[PDB]
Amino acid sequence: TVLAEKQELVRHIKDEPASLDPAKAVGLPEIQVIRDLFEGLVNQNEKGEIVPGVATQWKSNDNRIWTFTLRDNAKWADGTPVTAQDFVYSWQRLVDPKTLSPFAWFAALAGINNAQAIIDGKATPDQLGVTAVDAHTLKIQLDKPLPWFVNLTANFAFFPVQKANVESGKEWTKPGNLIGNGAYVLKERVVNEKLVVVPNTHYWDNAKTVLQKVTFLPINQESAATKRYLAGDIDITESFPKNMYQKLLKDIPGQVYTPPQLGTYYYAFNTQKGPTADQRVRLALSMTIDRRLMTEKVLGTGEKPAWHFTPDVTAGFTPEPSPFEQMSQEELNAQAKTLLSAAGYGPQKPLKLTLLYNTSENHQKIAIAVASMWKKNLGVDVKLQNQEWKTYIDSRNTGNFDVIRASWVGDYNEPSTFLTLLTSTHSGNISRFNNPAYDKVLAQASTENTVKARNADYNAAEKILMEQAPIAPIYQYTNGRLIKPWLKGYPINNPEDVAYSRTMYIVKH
């Protein structure tokens, strides 16, 4: 009675998705779509709490051996059942060296038995600690107790894929070929323009799905996206131009949202070669970024300075104060000069750097401003390069850029999601930071069984990141979005921004 006749949605995503295969996805452009096409053992509600997915229950006596009960009537988009074996197959495939998954390490973070040996080729994938006891009963064996293990199963990397589909060949993820178990099915795609999905009528909870079509529109120039939103072509954006914020608040109050998100923006230094291999160069660079200037003037949509890597909002985290947070920029800038001269740069040998970022107005403005801070305080010159998301994600692992722009949004709500990114066994370690003390302190944290004791080690880890500056944290994210008043059910207050079109609906407008 309150619902519109046409239950169709146009959703903006910032970039063209790199891959719709859960085991080859790495960032939010893909991931946003994958959550409509596939479904894990569990989902997240709007508060970020764990709720039933394929599983209706999950039990553990010791937080090490976990048993999931699956629903009888979970289905793939081809009407076949979703089974425990599907998961066995999909998680072996995640760790299988043949897959080259950029999330293989996630199975090791979970502590699933034998994950690291399999990733390293020392054990076969059937040695993984995951068993189908029957079609509806999946039993997982972890190395260590992990109270939040179930949370990890809401993460895309643990979504099931269908073997027969996967084994039909390299076009399996094309429109009309891709068979997943989520609320929607891929109907149409044109590269760089649109992805269109309609409901999987076999999805167990299809009775509740409202939206009959959702079109995702990738547009990496935030101005062009907001322009289409104001014109009425887009019902919800991802981000918006920072310089339009006050005018947006003014013209469309109620549609502008900027809650705190579990993610951090940062620059990665090459710790392995070039000038950035010297700890003093890195520290000078990081100290010279004026974080309150950035968040106040260049951003101003509620972002906070990142003095530590892990976001303040992260459940279980009580940071110790940083000594940079308490200094003035003047002090910071002068120490930075001292450090760089000790490194041996100045008029006698000026510092030249390359920086990669992925195409975006925001990243371009932040790069210009960082480069200005460095020019001005340290006499550094930076050659900028921009590349679209899908190309950036490979160029950055090439060892070729002194500075690389990036973010990390948490795969679950606990500090290890952040701090493990800098361990030597983590594929997403862009700086190639390889510090045995650092690795060992996080391995210890994972054996601890109180929040306080874990937090002491996570603090020790953050200290090493301050001392060695392999990366420069810049800011803590907000989930900046424009949402039309008639779009309901978007989980705008989920700190991880985990959303499924199946919760959304359109009111008469």
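When you see a residue number, it is the position in the sequence shown, counting from 1.
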| query | finding |
| --- | --- |
| Entry-level comparison of average CA B-factors, 339-347 and 202-210, reporting the higher stretch | 339-347 |
| Entry-level comparison of average CA B-factors, 314-322 and 114-122, reporting the higher stretch | 314-322 |
| Among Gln85, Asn397, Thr137, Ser416 - the residue whose C-alpha B-factor is largest in the record | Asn397 |
| Candidate set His426, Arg93, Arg405, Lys297 [ranked by C-alpha B-factor, highest] | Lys297 |
| Ranked against its chain, the third holding the CA B-factor of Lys59 | highest |
| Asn493, C-alpha B-factor rank within chain (lowest, middle or highest third) | highest |
| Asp251 - Cα temperature factor, lowest/middle/highest third of chain | highest |
| Position of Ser372 among the chain's modelled residues by C-alpha B-factor, lowest, middle or highest third | highest |
| Third assignment of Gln7 from its chain's C-alpha B-factors | middle |
